[PDB]
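Quick look at upload_21.txt (compact mmCIF, C-alpha atoms and all ligand atoms):
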```txt
# COMPACT_ATOMS: atom_id res chain seq x y z
CA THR G 17 11.24 15.85 -3.30
CA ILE G 18 7.49 15.41 -3.81
CA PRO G 19 6.56 14.55 -7.42
CA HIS G 20 4.15 16.93 -9.15
CA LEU G 21 1.54 15.30 -11.38
CA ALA G 22 -0.98 16.83 -13.78
CA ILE G 23 -3.50 13.98 -13.44
CA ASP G 24 -6.99 15.30 -12.76
CA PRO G 25 -8.64 12.58 -10.62
CA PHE G 26 -12.02 14.30 -11.15
CA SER G 27 -11.94 14.37 -14.96
CA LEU G 28 -14.34 12.27 -17.02
CA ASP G 29 -11.44 10.45 -18.69
CA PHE G 30 -10.25 9.47 -15.20
CA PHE G 31 -13.69 8.24 -14.13
CA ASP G 32 -14.03 6.28 -17.38
CA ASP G 33 -10.96 4.17 -16.55
CA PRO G 34 -9.07 5.18 -13.38
CA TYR G 35 -6.78 2.18 -12.98
CA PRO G 36 -3.79 3.20 -15.14
CA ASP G 37 -3.75 6.67 -13.56
CA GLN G 38 -4.08 5.16 -10.08
CA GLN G 39 -1.01 2.99 -10.66
CA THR G 40 0.80 6.12 -11.84
CA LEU G 41 -0.25 7.87 -8.62
CA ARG G 42 0.91 4.92 -6.49
CA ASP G 43 4.22 4.43 -8.29
CA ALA G 44 5.18 8.12 -8.44
CA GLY G 45 5.76 8.01 -4.68
CA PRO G 46 4.05 7.62 -1.31
CA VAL G 47 2.99 11.29 -1.47
CA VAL G 48 2.31 13.25 -4.66
CA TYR G 49 1.20 16.81 -5.40
CA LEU G 50 -1.68 17.31 -7.85
CA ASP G 51 -0.96 20.60 -9.62
CA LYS G 52 -4.48 20.64 -11.07
CA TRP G 53 -6.11 21.35 -7.69
CA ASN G 54 -3.20 22.30 -5.37
CA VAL G 55 -3.69 19.31 -3.07
CA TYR G 56 -1.54 16.47 -1.83
CA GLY G 57 -2.41 12.92 -2.78
CA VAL G 58 -1.83 9.49 -1.27
CA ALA G 59 -2.74 6.46 -3.39
CA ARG G 60 -0.95 3.58 -1.65
CA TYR G 61 -2.64 1.52 1.04
CA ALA G 62 -0.06 2.35 3.72
CA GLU G 63 -0.42 6.13 3.51
CA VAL G 64 -4.20 6.04 3.04
CA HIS G 65 -4.54 3.89 6.16
CA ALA G 66 -2.16 6.12 8.13
CA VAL G 67 -4.01 9.32 7.23
CA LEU G 68 -7.40 7.79 8.05
CA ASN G 69 -6.14 6.69 11.47
CA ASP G 70 -4.63 10.04 12.54
CA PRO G 71 -7.74 12.25 12.79
CA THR G 72 -5.93 14.79 14.98
CA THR G 73 -3.34 15.63 12.31
CA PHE G 74 -5.61 14.94 9.31
CA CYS G 75 -8.88 16.50 10.45
CA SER G 76 -12.39 16.39 8.99
CA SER G 77 -13.87 19.57 10.51
CA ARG G 78 -12.40 21.66 7.67
CA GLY G 79 -14.26 19.50 5.14
CA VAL G 80 -13.74 16.10 3.51
CA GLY G 81 -14.13 17.58 0.04
CA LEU G 82 -11.73 19.89 -1.76
CA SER G 83 -13.19 22.98 -0.10
CA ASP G 84 -11.48 24.13 3.11
CA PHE G 85 -14.22 25.27 5.50
CA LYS G 86 -11.70 27.66 7.05
CA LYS G 87 -11.47 29.47 3.69
CA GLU G 88 -14.89 28.95 2.06
CA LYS G 89 -18.45 28.60 3.28
CA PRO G 90 -19.77 25.02 3.12
CA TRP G 91 -22.46 24.53 0.50
CA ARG G 92 -24.74 23.29 3.31
CA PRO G 93 -24.48 23.40 7.11
CA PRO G 94 -21.68 21.03 8.13
CA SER G 95 -22.53 17.45 8.99
CA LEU G 96 -22.40 16.88 12.75
CA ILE G 97 -20.58 13.57 12.22
CA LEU G 98 -18.80 13.43 8.85
CA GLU G 99 -17.47 17.00 9.03
CA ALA G 100 -16.61 17.03 12.75
CA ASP G 101 -13.57 16.01 14.77
CA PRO G 102 -13.32 14.49 18.24
CA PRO G 103 -14.60 15.34 20.75
CA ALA G 104 -17.52 17.05 18.96
CA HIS G 105 -17.75 14.03 16.64
CA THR G 106 -17.98 11.52 19.48
CA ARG G 107 -21.53 11.76 20.79
CA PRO G 108 -23.28 12.20 17.42
CA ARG G 109 -21.27 9.19 16.25
CA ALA G 110 -22.44 7.18 19.26
CA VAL G 111 -26.10 7.95 18.54
CA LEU G 112 -25.90 6.82 14.91
CA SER G 113 -23.97 3.74 16.03
CA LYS G 114 -26.84 2.82 18.36
CA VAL G 115 -29.51 3.73 15.79
CA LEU G 116 -27.82 1.42 13.25
CA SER G 117 -26.60 -1.10 15.83
CA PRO G 118 -26.30 -4.88 15.54
CA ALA G 119 -29.49 -5.19 17.60
CA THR G 120 -31.26 -2.89 15.14
CA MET G 121 -30.32 -5.13 12.21
CA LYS G 122 -32.35 -7.93 13.80
CA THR G 123 -35.51 -5.82 13.54
CA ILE G 124 -35.17 -5.19 9.78
CA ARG G 125 -33.43 -8.27 8.37
CA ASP G 126 -36.54 -10.34 7.67
CA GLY G 127 -38.22 -7.57 5.68
CA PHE G 128 -35.00 -6.68 3.86
CA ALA G 129 -34.46 -10.32 2.88
CA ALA G 130 -38.08 -10.76 1.77
CA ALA G 131 -37.88 -7.64 -0.39
CA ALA G 132 -34.63 -8.91 -1.94
CA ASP G 133 -36.12 -12.31 -2.78
CA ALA G 134 -39.24 -10.66 -4.19
CA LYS G 135 -37.20 -8.31 -6.39
CA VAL G 136 -35.17 -11.19 -7.84
CA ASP G 137 -38.35 -13.19 -8.44
CA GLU G 138 -39.87 -10.17 -10.18
CA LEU G 139 -36.79 -9.65 -12.35
CA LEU G 140 -36.65 -13.32 -13.35
CA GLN G 141 -40.18 -12.98 -14.73
CA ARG G 142 -38.91 -10.26 -17.08
CA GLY G 143 -35.65 -12.05 -17.90
CA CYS G 144 -33.79 -9.14 -19.53
CA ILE G 145 -33.51 -6.21 -17.12
CA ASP G 146 -31.29 -3.24 -16.28
CA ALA G 147 -29.26 -4.31 -13.25
CA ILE G 148 -28.95 -0.63 -12.25
CA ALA G 149 -32.40 0.94 -12.49
CA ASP G 150 -34.24 -2.35 -11.95
CA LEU G 151 -32.05 -3.86 -9.21
CA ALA G 152 -29.24 -1.74 -7.77
CA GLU G 153 -31.57 1.26 -7.51
CA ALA G 154 -34.95 -0.45 -7.24
CA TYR G 155 -34.09 -2.68 -4.26
CA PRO G 156 -32.58 -0.02 -1.92
CA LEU G 157 -35.48 2.27 -2.83
CA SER G 158 -37.87 -0.49 -1.73
CA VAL G 159 -36.42 -0.90 1.79
CA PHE G 160 -34.37 2.10 2.92
CA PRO G 161 -36.87 5.01 2.64
CA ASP G 162 -39.37 2.87 4.56
CA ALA G 163 -36.73 1.97 7.15
CA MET G 164 -36.05 5.69 7.55
CA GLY G 165 -39.74 6.32 8.18
CA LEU G 166 -40.23 8.63 5.19
CA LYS G 167 -43.61 9.28 3.66
CA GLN G 168 -44.16 8.16 0.07
CA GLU G 169 -44.49 11.67 -1.37
CA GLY G 170 -41.27 13.22 -2.64
CA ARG G 171 -38.98 10.18 -2.51
CA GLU G 172 -37.85 11.05 -6.05
CA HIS G 173 -35.62 13.73 -4.45
CA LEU G 174 -33.48 11.19 -2.57
CA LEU G 175 -31.16 9.97 -5.32
CA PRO G 176 -30.70 13.46 -6.85
CA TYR G 177 -29.88 14.81 -3.39
CA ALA G 178 -27.29 12.08 -2.81
CA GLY G 179 -25.74 12.64 -6.23
CA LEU G 180 -25.45 16.30 -5.26
CA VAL G 181 -23.84 15.54 -1.89
CA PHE G 182 -21.19 13.30 -3.43
CA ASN G 183 -20.53 15.65 -6.35
CA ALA G 184 -20.16 18.48 -3.81
CA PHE G 185 -17.12 16.78 -2.25
CA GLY G 186 -15.28 17.30 -5.53
CA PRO G 187 -13.52 20.36 -6.89
CA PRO G 188 -15.57 23.20 -8.41
CA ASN G 189 -15.78 21.51 -11.81
CA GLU G 190 -18.86 21.30 -14.02
CA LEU G 191 -20.18 18.21 -12.23
CA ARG G 192 -20.19 20.10 -8.93
CA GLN G 193 -21.34 23.48 -10.25
CA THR G 194 -24.27 21.94 -12.14
CA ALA G 195 -25.32 19.83 -9.14
CA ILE G 196 -25.44 22.84 -6.82
CA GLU G 197 -27.31 24.85 -9.46
CA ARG G 198 -30.16 22.30 -9.39
CA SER G 199 -30.09 21.63 -5.66
CA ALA G 200 -32.73 23.96 -4.17
CA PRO G 201 -35.75 21.60 -4.54
CA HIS G 202 -33.83 18.59 -3.22
CA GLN G 203 -32.45 20.42 -0.18
CA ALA G 204 -35.93 21.72 0.66
CA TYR G 205 -37.42 18.22 0.57
CA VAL G 206 -34.63 16.55 2.56
CA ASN G 207 -34.46 19.26 5.22
CA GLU G 208 -38.22 19.09 5.77
CA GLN G 209 -38.28 15.30 6.19
CA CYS G 210 -35.64 15.64 8.94
CA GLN G 211 -38.15 17.20 11.35
CA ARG G 212 -39.48 14.86 14.02
CA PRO G 213 -43.19 14.96 12.99
CA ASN G 214 -42.33 13.78 9.45
CA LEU G 215 -40.58 10.54 10.48
CA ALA G 216 -42.77 7.49 11.04
CA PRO G 217 -42.60 5.66 14.39
CA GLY G 218 -39.96 2.97 14.76
CA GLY G 219 -37.81 4.03 11.81
CA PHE G 220 -34.24 5.30 11.81
CA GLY G 221 -35.35 8.93 11.75
CA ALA G 222 -37.65 8.66 14.75
CA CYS G 223 -35.01 6.69 16.65
CA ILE G 224 -32.49 9.50 16.15
CA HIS G 225 -34.94 12.04 17.59
CA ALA G 226 -35.63 9.62 20.45
CA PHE G 227 -31.99 9.90 21.57
CA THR G 228 -32.42 13.63 22.24
CA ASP G 229 -33.43 12.91 25.86
CA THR G 230 -30.35 10.93 26.93
CA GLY G 231 -28.01 13.93 26.90
CA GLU G 232 -26.01 12.58 23.96
CA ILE G 233 -27.59 14.98 21.45
CA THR G 234 -29.95 17.90 21.85
CA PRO G 235 -33.26 18.15 19.95
CA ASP G 236 -31.74 20.71 17.56
CA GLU G 237 -29.04 18.18 16.59
CA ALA G 238 -31.46 15.45 15.48
CA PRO G 239 -32.52 16.99 12.12
CA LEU G 240 -28.93 17.18 10.85
CA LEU G 241 -28.27 13.59 11.97
CA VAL G 242 -31.33 12.43 10.05
CA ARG G 243 -29.89 14.44 7.16
CA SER G 244 -26.73 12.33 7.46
CA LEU G 245 -28.65 9.11 6.83
CA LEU G 246 -30.64 10.68 3.99
CA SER G 247 -27.31 11.82 2.50
CA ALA G 248 -25.19 8.68 2.90
CA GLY G 249 -27.71 5.87 3.32
CA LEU G 250 -29.13 5.23 -0.17
CA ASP G 251 -26.90 6.07 -3.15
CA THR G 252 -24.01 4.29 -1.41
CA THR G 253 -25.88 0.98 -1.29
CA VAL G 254 -27.11 1.51 -4.86
CA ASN G 255 -23.50 1.63 -6.05
CA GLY G 256 -22.39 -1.09 -3.64
CA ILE G 257 -25.00 -3.54 -4.90
CA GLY G 258 -24.40 -2.32 -8.45
CA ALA G 259 -20.71 -3.10 -8.04
CA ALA G 260 -21.44 -6.59 -6.71
CA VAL G 261 -23.81 -7.44 -9.58
CA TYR G 262 -21.34 -6.00 -12.10
CA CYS G 263 -18.61 -8.22 -10.64
CA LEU G 264 -20.79 -11.33 -10.79
CA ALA G 265 -21.76 -10.47 -14.37
CA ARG G 266 -18.12 -10.15 -15.49
CA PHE G 267 -16.75 -13.12 -13.50
CA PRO G 268 -19.12 -16.08 -13.94
CA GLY G 269 -16.69 -18.41 -12.17
CA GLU G 270 -17.33 -16.45 -8.97
CA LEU G 271 -21.10 -16.49 -9.48
CA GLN G 272 -20.84 -20.28 -9.74
CA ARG G 273 -18.90 -20.46 -6.47
CA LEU G 274 -21.47 -18.18 -4.83
CA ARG G 275 -24.30 -20.41 -6.06
CA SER G 276 -22.54 -23.47 -4.64
CA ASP G 277 -22.27 -21.84 -1.18
CA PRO G 278 -24.72 -18.97 -0.59
CA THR G 279 -23.11 -18.37 2.81
CA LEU G 280 -20.35 -16.59 0.85
CA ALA G 281 -22.83 -13.82 -0.03
CA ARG G 282 -21.58 -11.49 2.71
CA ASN G 283 -17.92 -11.81 1.73
CA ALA G 284 -18.84 -11.62 -1.97
CA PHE G 285 -20.36 -8.20 -1.26
CA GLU G 286 -17.39 -7.10 0.85
CA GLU G 287 -15.02 -8.13 -1.95
CA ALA G 288 -17.13 -6.11 -4.40
CA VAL G 289 -16.77 -3.07 -2.14
CA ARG G 290 -12.99 -3.50 -2.21
CA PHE G 291 -12.85 -4.35 -5.91
CA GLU G 292 -14.92 -1.42 -7.20
CA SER G 293 -14.66 0.88 -4.17
CA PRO G 294 -17.95 2.68 -4.94
CA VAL G 295 -16.90 5.47 -2.57
CA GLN G 296 -13.67 6.49 -4.26
CA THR G 297 -12.12 9.44 -2.44
CA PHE G 298 -12.16 11.73 0.56
CA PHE G 299 -10.03 14.67 1.68
CA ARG G 300 -8.48 15.58 5.00
CA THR G 301 -6.90 18.87 6.10
CA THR G 302 -3.62 19.00 7.99
CA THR G 303 -3.81 20.74 11.38
CA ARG G 304 -0.02 21.00 11.67
CA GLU G 305 3.15 20.49 9.70
CA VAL G 306 3.41 16.73 9.30
CA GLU G 307 5.83 14.20 7.83
CA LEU G 308 4.13 11.58 5.66
CA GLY G 309 6.05 9.12 3.51
CA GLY G 310 9.22 11.22 3.53
CA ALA G 311 7.43 14.43 2.50
CA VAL G 312 6.85 17.41 4.78
CA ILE G 313 3.29 18.70 4.39
CA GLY G 314 2.54 22.10 5.89
CA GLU G 315 -0.39 23.12 8.04
CA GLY G 316 -3.76 23.75 6.43
CA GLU G 317 -3.12 21.55 3.39
CA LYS G 318 -5.70 19.32 1.72
CA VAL G 319 -4.78 15.64 1.41
CA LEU G 320 -6.72 13.52 -1.08
CA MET G 321 -7.05 9.84 -0.15
CA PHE G 322 -7.57 7.41 -3.05
CA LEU G 323 -9.59 4.68 -1.34
CA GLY G 324 -10.10 2.69 -4.54
CA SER G 325 -6.37 2.82 -5.28
CA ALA G 326 -5.50 1.68 -1.75
CA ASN G 327 -7.85 -1.28 -2.24
CA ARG G 328 -5.92 -2.36 -5.36
CA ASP G 329 -2.39 -1.59 -4.12
CA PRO G 330 -0.19 -4.64 -4.87
CA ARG G 331 2.00 -3.65 -1.91
CA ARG G 332 -0.93 -4.78 0.26
CA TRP G 333 -3.07 -7.15 -1.85
CA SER G 334 -2.30 -10.33 -3.74
CA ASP G 335 -3.87 -10.25 -7.22
CA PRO G 336 -5.66 -6.95 -6.41
CA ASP G 337 -7.29 -6.76 -9.85
CA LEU G 338 -9.06 -10.11 -9.38
CA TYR G 339 -12.54 -10.52 -7.92
CA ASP G 340 -12.27 -13.31 -5.32
CA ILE G 341 -15.29 -13.90 -3.08
CA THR G 342 -13.20 -16.04 -0.69
CA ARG G 343 -10.49 -13.38 -0.33
CA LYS G 344 -9.58 -12.24 3.17
CA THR G 345 -11.03 -8.75 2.72
CA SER G 346 -10.43 -7.49 6.27
CA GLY G 347 -8.45 -4.24 6.14
CA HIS G 348 -9.85 -2.81 2.91
CA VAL G 349 -10.69 0.89 3.18
CA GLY G 350 -13.89 0.88 1.10
CA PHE G 351 -15.84 1.76 4.25
CA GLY G 352 -13.03 3.93 5.59
CA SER G 353 -11.02 3.19 8.70
CA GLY G 354 -10.76 4.64 12.19
CA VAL G 355 -13.14 6.92 14.06
CA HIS G 356 -15.14 7.85 10.93
CA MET G 357 -15.35 4.32 9.50
CA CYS G 358 -18.80 3.93 7.96
CA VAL G 359 -21.29 3.98 10.84
CA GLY G 360 -23.91 2.51 8.51
CA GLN G 361 -21.77 -0.44 7.43
CA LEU G 362 -24.15 -2.92 9.09
CA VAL G 363 -27.04 -1.62 6.97
CA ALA G 364 -24.92 -1.67 3.80
CA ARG G 365 -23.70 -5.22 4.42
CA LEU G 366 -27.21 -6.42 5.29
CA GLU G 367 -28.63 -5.10 2.01
CA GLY G 368 -25.72 -6.45 0.00
CA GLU G 369 -25.86 -9.85 1.70
CA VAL G 370 -29.58 -10.51 1.31
CA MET G 371 -29.53 -9.45 -2.35
CA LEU G 372 -26.52 -11.61 -3.17
CA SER G 373 -28.21 -14.44 -1.25
CA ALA G 374 -31.34 -14.08 -3.39
CA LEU G 375 -29.24 -14.15 -6.56
CA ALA G 376 -27.18 -17.10 -5.30
CA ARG G 377 -30.33 -19.16 -4.69
CA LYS G 378 -32.48 -18.09 -7.66
CA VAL G 379 -30.18 -17.17 -10.58
CA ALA G 380 -28.09 -19.53 -12.72
CA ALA G 381 -26.42 -17.00 -15.03
CA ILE G 382 -25.98 -13.23 -15.34
CA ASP G 383 -25.06 -12.25 -18.90
CA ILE G 384 -24.47 -8.69 -20.06
CA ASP G 385 -26.64 -8.31 -23.15
CA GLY G 386 -26.47 -4.59 -23.91
CA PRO G 387 -24.29 -1.48 -23.89
CA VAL G 388 -22.80 -0.73 -20.48
CA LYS G 389 -23.03 2.97 -19.59
CA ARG G 390 -20.96 4.50 -16.79
CA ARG G 391 -22.25 7.17 -14.41
CA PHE G 392 -19.92 10.06 -13.59
CA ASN G 393 -19.72 11.59 -10.10
CA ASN G 394 -16.92 13.36 -8.25
CA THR G 395 -16.94 10.78 -5.42
CA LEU G 396 -19.01 7.76 -6.49
CA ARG G 397 -17.92 5.09 -8.98
CA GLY G 398 -20.71 3.12 -10.61
CA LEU G 399 -22.80 2.44 -13.68
CA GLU G 400 -25.75 4.28 -15.19
CA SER G 401 -27.06 1.22 -17.04
CA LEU G 402 -26.14 -2.48 -16.93
CA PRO G 403 -28.32 -4.54 -19.30
CA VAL G 404 -28.27 -8.20 -18.24
CA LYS G 405 -30.20 -11.38 -18.94
CA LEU G 406 -31.01 -13.35 -15.78
CA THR G 407 -31.33 -17.10 -16.22
CA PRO G 408 -33.37 -18.84 -13.50
CA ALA G 409 -31.74 -21.63 -11.53
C1 LIG G 501 -21.50 0.25 0.07
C2 LIG G 501 -22.09 1.09 0.93
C3 LIG G 501 -21.31 2.20 1.67
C4 LIG G 501 -20.04 2.59 1.48
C5 LIG G 501 -19.05 2.02 0.44
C6 LIG G 501 -19.75 3.65 2.43
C7 LIG G 501 -18.56 4.34 2.57
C8 LIG G 501 -18.21 5.17 3.62
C9 LIG G 501 -16.89 5.71 3.90
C10 LIG G 501 -15.62 5.45 3.06
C11 LIG G 501 -16.97 6.48 4.99
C12 LIG G 501 -15.80 7.25 5.64
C13 LIG G 501 -15.87 8.75 5.37
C14 LIG G 501 -14.65 9.42 5.96
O1 LIG G 501 -13.77 8.71 6.50
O2 LIG G 501 -14.55 10.67 5.88
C15 LIG G 501 -18.35 6.46 5.45
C16 LIG G 501 -18.87 7.12 6.55
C17 LIG G 501 -20.21 7.24 6.84
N1 LIG G 501 -21.23 6.49 6.28
FE1 LIG G 501 -20.99 4.98 4.89
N2 LIG G 501 -20.89 3.87 3.18
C18 LIG G 501 -21.86 2.99 2.75
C19 LIG G 501 -23.14 2.89 3.25
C20 LIG G 501 -23.68 3.69 4.22
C21 LIG G 501 -25.01 3.57 4.79
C22 LIG G 501 -26.04 2.49 4.39
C23 LIG G 501 -25.15 4.54 5.70
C24 LIG G 501 -26.39 4.83 6.58
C25 LIG G 501 -27.48 4.06 6.54
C26 LIG G 501 -23.93 5.31 5.74
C27 LIG G 501 -23.67 6.40 6.54
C28 LIG G 501 -22.42 6.91 6.83
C29 LIG G 501 -22.13 7.97 7.77
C30 LIG G 501 -23.16 8.74 8.63
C31 LIG G 501 -20.81 8.17 7.77
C32 LIG G 501 -20.04 9.20 8.63
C33 LIG G 501 -19.37 8.41 9.76
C34 LIG G 501 -18.49 9.29 10.61
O3 LIG G 501 -18.10 10.40 10.15
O4 LIG G 501 -18.19 8.89 11.77
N3 LIG G 501 -23.05 4.76 4.82
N4 LIG G 501 -19.07 5.65 4.59
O1 LIG G 502 -23.24 13.11 7.50
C1 LIG G 502 -23.42 13.18 6.26
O2 LIG G 502 -24.23 14.02 5.78
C2 LIG G 502 -22.63 12.27 5.32
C3 LIG G 502 -21.90 11.21 5.83
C4 LIG G 502 -21.19 10.39 4.97
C5 LIG G 502 -21.21 10.63 3.61
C6 LIG G 502 -20.43 9.75 2.64
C7 LIG G 502 -20.31 8.30 3.10
CL1 LIG G 502 -19.80 7.26 1.75
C8 LIG G 502 -21.94 11.69 3.10
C9 LIG G 502 -22.65 12.51 3.96
CL CL G 503 -30.08 19.68 2.87
MG MG G 504 1.89 -7.72 3.15
```
Give the structure from the file, written as C-alpha cells.
Amino acid sequence: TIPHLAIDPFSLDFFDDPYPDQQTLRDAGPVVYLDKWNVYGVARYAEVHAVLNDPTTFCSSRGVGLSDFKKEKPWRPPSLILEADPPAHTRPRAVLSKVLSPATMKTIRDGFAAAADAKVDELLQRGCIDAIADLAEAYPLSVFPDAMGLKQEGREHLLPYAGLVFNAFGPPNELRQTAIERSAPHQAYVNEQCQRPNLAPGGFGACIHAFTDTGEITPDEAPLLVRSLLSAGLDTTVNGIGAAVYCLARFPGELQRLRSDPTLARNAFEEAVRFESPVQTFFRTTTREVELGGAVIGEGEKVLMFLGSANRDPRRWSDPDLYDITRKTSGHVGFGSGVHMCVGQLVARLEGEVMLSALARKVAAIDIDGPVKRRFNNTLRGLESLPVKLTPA
C-alpha cells in the first residue's frame, strides 16, 4: 500500500538539485517508505503540517534526526527544548520565548540595523564580493555573538559547531561521521561559553541564566538552553540571508520591486525562507500505531518531514517555484509549525529584514559574476560561495 522508494534524501546528488526528487516523493503518495534508511517520509504540505501539529503521536523526545534515542545514545546530551515533548518542553520553551520576545527585539533592532547598513556600505566600496562569506556569514557574525554576550576569543568555533549539529541530524553517512570526528574542540568551546560567568551582562545568555530564579528553569538547565541558541541561532540566519540574497540575485524583477518599496523587506525574507527552505528536514518518532494519509505506521517508527518540499507543494501553493516577495507566505513550514515552531523566529526575521532593507535602499543591481558553489549538509540547504557584483543605487 505504501510505495517504497530508493531515493536517498541525504546524498550529494540530492542536495545538488533536490526538486525533481521532491516531486517524485510528493507524487508517489502522501506517505512513502525510504528503503535506504528504513524511515517513513512525508513530502506534501498536508501531511507535513499534520505531523508537525500532532506532537503527542509524532514526538521529538526520541530525536529529530534519524537516530532513535530509545535505541542509540545521542551524540550530545539532549536539547531541553528541541528534543523534548510536552510537558517537559513547556517551561524551557517559555523561557526562550521570553528571552527572544517581541519586547527584546526592541532592545537590539537599532544596532542590528546599523550593522546591516554598515556592512552593505562596506561591500559597495569593494564592488565585487562573495555574498556568502562577505555578507550572509559576515553580517550574522557581526551581531549575533555580541547579542549572545560571548567573548571575542574562540568565535571561530561557532559555525563549525552549527555545521556539526545540523549534520548530526542526518543518517550516519560520511557527512555526519566526519563532522562528529572533528567535533571535540567545538563542543569544548561551546559548552564552556554556556556557563553563567562567561556570558556578558544584558545578552541572551545572561538573560537565560536570569530566569533560573522564577521557578521556570533551574540553574542546571540554563547552560543547555544557552547551548540551544549557540546551536540554532547563527548558521540558520547565515543560510536564511544567503537564500534571500541568492533569490534577489537570480530574480532581478523582484529586487526592483523591493527597491521601489523597502517595506516589503520582511516579506521578501519570509518568501526566501519558503522558497529555499534553508532548514530542509526534521524527523519525528511515532509513539503509537497511527494512520497517516491512508497508511498505517507502527509504533516507534521514524517519520522524515520534507519541509522544503512542503513549501513547494502545488497542492498548497500557486506557482510554488516562483520567488514572489508579495506572496501571502503565512502557513509555510520553513520555521516549523506548532509547539516547536522556531522560538527564535523574531531574531531571524529581524536580521533578514534589516539586511534586505539595507540592500533595498543602497543597491541597484546584484549580478552573479563568478562560479556558484553549493555547500552540502544533512539538514541545511545553502551556498558555499556566491560571487556577485553590487551596483550602488
Ligand atoms: C532562517 C532562520 C531560521 C530557520 C529557517 C529556522 C528553522 C527552525 C525550524 C524548522 C524549527 C522547528 C524544529 C522542529 O520542529 O523540530 C526551529 C526551531 C528552533 N529554532 Fe529556529 N530557525 C531559524 C533561526 C533561529 C534563530 C535565530 C534561533 C535563535 C536565536 C533559533 C532557535 C531555535 C530553537 C531553540 C528551536 C527549538 C524550538 C522548540 O523546540 O520549541 N532558530 N527552527
Ligand atoms: O536546542 C537546540 O540545541 C537546537 C534547536 C533547534 C535546532 C535547529 C533549528 Cl533550525 C538545532 C538545535
Ligand atoms: Cl556541545
Ligand atoms: Mg488550497
Pull the closest atom pair for each residue of chain G that gets at most 7 Å from ligand LIG 502 (chain G), along with the distance in Å to one decimal, counting only C-alpha atoms and all ligand atoms, ordering rows by chain and then ascending residue number, as a Markdown table.
```
| residue | atom | partner | partner_atom | distance |
| --- | --- | --- | --- | --- |
| G:95 | CA | G:LIG502 | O1 | 4.6 |
| G:96 | CA | G:LIG502 | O1 | 6.5 |
| G:97 | CA | G:LIG502 | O1 | 5.4 |
| G:98 | CA | G:LIG502 | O1 | 4.7 |
| G:181 | CA | G:LIG502 | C8 | 6.6 |
| G:182 | CA | G:LIG502 | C8 | 6.8 |
| G:241 | CA | G:LIG502 | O1 | 6.7 |
| G:243 | CA | G:LIG502 | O2 | 5.8 |
| G:244 | CA | G:LIG502 | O2 | 3.5 |
| G:245 | CA | G:LIG502 | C1 | 6.7 |
| G:247 | CA | G:LIG502 | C9 | 4.9 |
| G:248 | CA | G:LIG502 | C8 | 4.4 |
| G:252 | CA | G:LIG502 | CL1 | 6.0 |
| G:295 | CA | G:LIG502 | CL1 | 5.5 |
| G:358 | CA | G:LIG502 | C7 | 6.7 |
```
Please identify all polymer residues lying at most 9 Å from the point (-28.2, -10.7, -5.5) (file coordinates), using only C-alpha atoms, and present the result as a PDB file with C-alpha atoms, keeping the file's coordinate frame.
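In the end it all went to point.pdb:
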```
ATOM      1  CA  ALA G 132     -34.630  -8.910  -1.940  1.00  0.00           C
ATOM      2  CA  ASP G 133     -36.120 -12.310  -2.780  1.00  0.00           C
ATOM      3  CA  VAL G 136     -35.170 -11.190  -7.840  1.00  0.00           C
ATOM      4  CA  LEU G 151     -32.050  -3.860  -9.210  1.00  0.00           C
ATOM      5  CA  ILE G 257     -25.000  -3.540  -4.900  1.00  0.00           C
ATOM      6  CA  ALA G 260     -21.440  -6.590  -6.710  1.00  0.00           C
ATOM      7  CA  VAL G 261     -23.810  -7.440  -9.580  1.00  0.00           C
ATOM      8  CA  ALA G 281     -22.830 -13.820  -0.030  1.00  0.00           C
ATOM      9  CA  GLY G 368     -25.720  -6.450   0.000  1.00  0.00           C
ATOM     10  CA  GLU G 369     -25.860  -9.850   1.700  1.00  0.00           C
ATOM     11  CA  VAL G 370     -29.580 -10.510   1.310  1.00  0.00           C
ATOM     12  CA  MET G 371     -29.530  -9.450  -2.350  1.00  0.00           C
ATOM     13  CA  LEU G 372     -26.520 -11.610  -3.170  1.00  0.00           C
ATOM     14  CA  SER G 373     -28.210 -14.440  -1.250  1.00  0.00           C
ATOM     15  CA  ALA G 374     -31.340 -14.080  -3.390  1.00  0.00           C
ATOM     16  CA  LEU G 375     -29.240 -14.150  -6.560  1.00  0.00           C
ATOM     17  CA  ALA G 376     -27.180 -17.100  -5.300  1.00  0.00           C
ATOM     18  CA  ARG G 377     -30.330 -19.160  -4.690  1.00  0.00           C
ATOM     19  CA  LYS G 378     -32.480 -18.090  -7.660  1.00  0.00           C
ATOM     20  CA  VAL G 379     -30.180 -17.170 -10.580  1.00  0.00           C
TER      21      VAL G 379
END
```
Residues within 8 Å of ligand CL 503 (chain G) should be enumerated using all atoms listed in the file and returned as a ChimeraX atom specification. /G:92-93,177,202-207,243
Taking all atoms listed in the file into account, name the residue in G:51, G:146, G:237, G:137 that is nearest to residue 388 (chain G). G:146
Please extract the residues at most 9 Å from ligand MG 504 (chain G), counting only C-alpha atoms and all ligand atoms, and provide them as a VMD selection string, using the chain letters and residue numbers of this document. chain G and resid 330 to 334
Closest contacts (chain G/ligand LIG 501 (chain G), max 7 Å, all atoms listed in the file) as CSV:
```
residue,atom,partner,partner_atom,distance
G:68,CA,G:LIG501,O1,6.6
G:76,CA,G:LIG501,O2,6.9
G:80,CA,G:LIG501,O2,6.0
G:97,CA,G:LIG501,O3,4.5
G:98,CA,G:LIG501,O3,3.4
G:99,CA,G:LIG501,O3,6.7
G:109,CA,G:LIG501,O4,5.4
G:244,CA,G:LIG501,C30,5.2
G:245,CA,G:LIG501,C24,4.8
G:248,CA,G:LIG501,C27,4.6
G:249,CA,G:LIG501,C24,3.7
G:250,CA,G:LIG501,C22,6.2
G:252,CA,G:LIG501,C2,4.4
G:253,CA,G:LIG501,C2,4.4
G:255,CA,G:LIG501,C1,6.6
G:256,CA,G:LIG501,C1,4.0
G:289,CA,G:LIG501,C5,6.1
G:293,CA,G:LIG501,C5,6.5
G:294,CA,G:LIG501,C5,5.5
G:295,CA,G:LIG501,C5,5.1
G:298,CA,G:LIG501,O2,5.9
G:349,CA,G:LIG501,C10,6.7
G:350,CA,G:LIG501,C10,5.3
G:351,CA,G:LIG501,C10,3.9
G:352,CA,G:LIG501,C10,3.9
G:353,CA,G:LIG501,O1,6.5
G:355,CA,G:LIG501,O4,5.9
G:356,CA,G:LIG501,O4,3.3
G:357,CA,G:LIG501,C12,4.9
G:358,CA,G:LIG501,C16,3.5
G:359,CA,G:LIG501,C33,4.9
G:360,CA,G:LIG501,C23,3.7
G:361,CA,G:LIG501,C19,5.5
G:363,CA,G:LIG501,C22,5.0
G:364,CA,G:LIG501,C22,4.3
```
